[PDB]
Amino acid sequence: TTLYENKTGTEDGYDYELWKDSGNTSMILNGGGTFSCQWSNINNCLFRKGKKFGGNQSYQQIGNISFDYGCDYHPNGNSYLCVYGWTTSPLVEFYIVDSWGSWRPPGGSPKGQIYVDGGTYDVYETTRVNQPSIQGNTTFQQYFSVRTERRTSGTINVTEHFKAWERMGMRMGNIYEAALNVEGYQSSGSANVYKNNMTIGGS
């Protein structure tokens, strides 16, 4: 229930992962979607809990996807706190970022704004040509919604970001996974996800 090295698994209905390329990481797996983590001397690391979806379905088929979450979030350098996931056909890596450390991701310039869940989100898109992905080295898009001001608790209605992105011409494939995610880059920090209730279904 405390992880220190790369591991993926499932507990209490939530898929979890700790991953780092190097450095010190720890992750306490608490009930349900909740977890606690710390990192130092890392290059890249991530800690996440959510779901790898069991079918090959669109978000209209899966039903509502939302995270009712709360995190006591103390990054010491580069870091962000987000919902993270992928779609396939088309292949998309997506991010809904609510807070960050020293650097607000992803860089570049937004193409729109979404007013949802009491906040304003900047929308970004990238193409990454022949780069590592969940389907090997290949080309994929990245979609980002990044809050204009930091917050660390509330509801992220992922379905509404999906719908807004599609209205802005950003096609969603079948949903592969979605998880509440803490990232670190060349930094130290800690975060306690004390609440993470992931809705999957219905309207």
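For every residue, the number given is its place in the sequence shown, counted from 1.
- request: State which stretch shows the higher mean Cα B factor in the entry: 7-15 or 190-198.
  value: Mean CA B-factor is higher for 7-15.
query: Going by the B-factors listed in the PDB entry, is the mean over the C-alpha atoms higher for 40-48 or for 66-74?
result: Between 66-74 and 40-48, it is 40-48 that shows the higher mean C-alpha B-factor.
- prompt: Per the coordinate record, which of the options 120, 109, 131, 79 holds the highest CA temperature factor?
  reply: The record points to 131.
- request: Tell me which of 89, 113, 127, 99 tops the list for C-alpha B factor in the record.
  value: Result of the comparison over 89, 113, 127, 99: 89.
field: Within-chain third of residue 28 by Cα B-factor, per the entry
entry: Highest third - that is where residue 28 ends up once the chain's C-alpha B-factors are sorted.
field: Chain-wide C-alpha B factor ranking for residue 156, given as lowest, middle or highest third
entry: Tercile = lowest for this residue's CA B-factor.
task: Relative to the other modelled residues of the same chain, rank the CA B-factor of residue 142 and answer lowest, middle or highest third.
output: Residue 142: CA B-factor falls in the lowest third of its chain.
task: Can you work out whether the C-alpha temperature factor of residue 178 puts it in the lowest, middle or highest third of the chain?
output: Bottom third by C-alpha B-factor.
task: Comparing against every modelled residue in the chain, figure out the third that the C-alpha B-factor of residue 172 lands in (lowest, middle or highest).
output: Answer is highest: the recorded C-alpha B-factor places it there.
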